[PDB]
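**Student:** Just passing along the structure, written as structure tokens.
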Amino acid sequence: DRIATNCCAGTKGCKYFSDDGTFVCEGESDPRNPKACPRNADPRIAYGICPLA
């Protein structure tokens, strides 16, 4: 479904794409380094293909 987020807030591995159909970015939420950006949402972030396993 549709998800409001950004490259930084996005879950690692999950690849978010825009409404335009172009690949935007995968979540850079690497577990090795502490990071969290739930204080912004990219307008082109329409949906993201998150890994099930």
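Heads up: take any position in the sequence shown, counting from 1, add 25, and you land on my numbering.
Here a beta-carbon is modelled for each residue, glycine too, at the ideal position from N, C-alpha and C.
1) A34 to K40, Cα distance in whole Å?
2) Please report the residue range of the beta strand (DSSP E) in which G38 lies.
3) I70 to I28, Cα distance in whole Å?
4) Shortest alpha-carbon distance to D26 belongs to which of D44, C32, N65, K37?
5) Tell me, please, whether the CB atom of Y72 is closer than 8 Å to any CB atom in chain D?
**Tutor:** A quick look at the data gives this:
1) 12 Å
2) In the DSSP assignment, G38 falls outside any beta strand (DSSP E) and carries neither an H nor an E.
3) 7 Å
4) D44
5) Of the protein chains in the structure, only one exists, and it is not chain D.
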